[PDB]
Structures are given as structure tokens and as C-alpha cells.
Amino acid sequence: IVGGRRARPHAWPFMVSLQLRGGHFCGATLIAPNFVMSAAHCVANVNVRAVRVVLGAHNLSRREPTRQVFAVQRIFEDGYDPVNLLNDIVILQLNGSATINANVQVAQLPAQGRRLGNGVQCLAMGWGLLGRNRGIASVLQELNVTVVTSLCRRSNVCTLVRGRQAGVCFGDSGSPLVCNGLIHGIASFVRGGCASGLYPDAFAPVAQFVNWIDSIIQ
């Protein structure tokens, strides 16, 4: 996240970090005790059996007793299209169930087909790049964004920070977009570099996949 602020510790208990060594590469959202939702492109050319799913984290550079670490057992994809970047969503089944507590909780999803119009105020968040100065963030960042149609496709939810250069960046993919307390987006792609000040950020529209998610989840 570029131009955002540190989140209050454990303010978003559904926030997940996907790691390869002990290196964060994508975010995710806890949707059930044993399932996380992320962007398909995050797991496309990665060694899935090597991915660690980190729950209850705040500061990645610190030892945090609040953490819960899981492995990936199965992957559920919908119609991921890497050329067009459509259906950039994946469900990952954990090798166990999280211990729900103050620091780890399940996110609330929107109803199927609910669409956001121009002007809805939402919060983006992630541990991605801070700009081109600053690599990945250590502490979770959050950012107020506005939904915009316009320089956006009907197949995405796009956002823009008006009047300043701010936005999601590499490493933010898979992280939630929260609007009116529900998960409405999954960070998918940028255009013109991160925080162009032109080109809205693009998210996978979770409302369009609710029926599918449920079918797997419950």
C-alpha cells in the first residue's frame, strides 16, 4: 500500500498473509475457520505445498504469539484467465481450522449480485510495497479509497484516491477491500505502476462469486 497508514494492531482479524519462506507475497481473507480467499494470480506459478498461511499477524518482522500458521490442502478456482485478468479469485482450504479469538475472526461477505456504484467509501489494506522507496511493509497498512466506474471494466470493482498519489501495490494482491463492513473486493491489478494518480486500482468483485463461495464454504 502506497500513501496509507499503519492499522491499529489486530483491527482486521480476518486479514491473512501468504508467505513462501518467511517472506510475504500476497494477502488473503479468512472466510471460514478452514478456508481463506485470495487472488488466483497469487497461486498461479507458485509451489502451493510450500505456501504458509499466516493468521493473526500485525508486524511481520516481529515474533508474534498471536499468530496461527496453516498449510494449503486444496485449491478451488473459478475461471481464472491470466491474459485478460478475469476471475482473479481462489479459495484455499487449510490443513486445519483456525482457533477463533480476538485476533482471528471470519469476514462477512456481501449478498450475491450486490453492486457498488461510484462514490462508495471503502478501506483497502495490505503488507505490499510502500512505494519505490520502501519494499514490503512490516506493519499492516490501511487506506481510504473511493469506488469509481470509469477507466474500469464491468468485471471489476475499481477504486481511486482522489487528489493524491496513493493505491495498492505489488504484494497487496489477494487482500480485501472492505465497504460498509463487508468484503466487496479482492486486490487484483494496477495499471501505469502502483499509485498512478490516473488509472483506478482493480479488484475481483466478490459479490459476483458469492453463490460459488457458499457452495464450497457451506
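Note that residue numbering begins at 1 and tracks the sequence as displayed.
On average, are the C-alpha B-factors higher in 68-76 or in 123-131? Averaged over C-alpha atoms, the B-factors run higher in 68-76.
Which is higher in the entry, the mean Cα B factor of 59-67 or that of 178-186? Mean C-alpha B-factor is greater for 59-67.
According to the Cα B-factor stored in this entry, which of the following is highest: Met37, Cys26, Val46, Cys158? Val46 has the highest C-alpha B-factor of those listed.
Check where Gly22 lands among this chain's C-alpha B-factors and tell me if it's the lowest, middle or highest third. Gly22: CA B-factor falls in the highest third of its chain.
Could you tell me which third, lowest, middle or highest, the C-alpha B-factor of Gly171 occupies within its chain? According to the entry, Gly171 has a C-alpha B-factor in the chain's lowest third.
Position of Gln105 among the chain's modelled residues by C-alpha B-factor, lowest, middle or highest third: Answer is middle: the recorded C-alpha B-factor places it there.
Select lowest, middle or highest to describe the third in which the CA B-factor of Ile217 falls within its chain in this entry. Highest third.
Could you look up the Cα B-factor of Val83 in the entry and say which third of the chain it sits in: lowest, middle or highest? Tercile = highest for this residue's CA B-factor.
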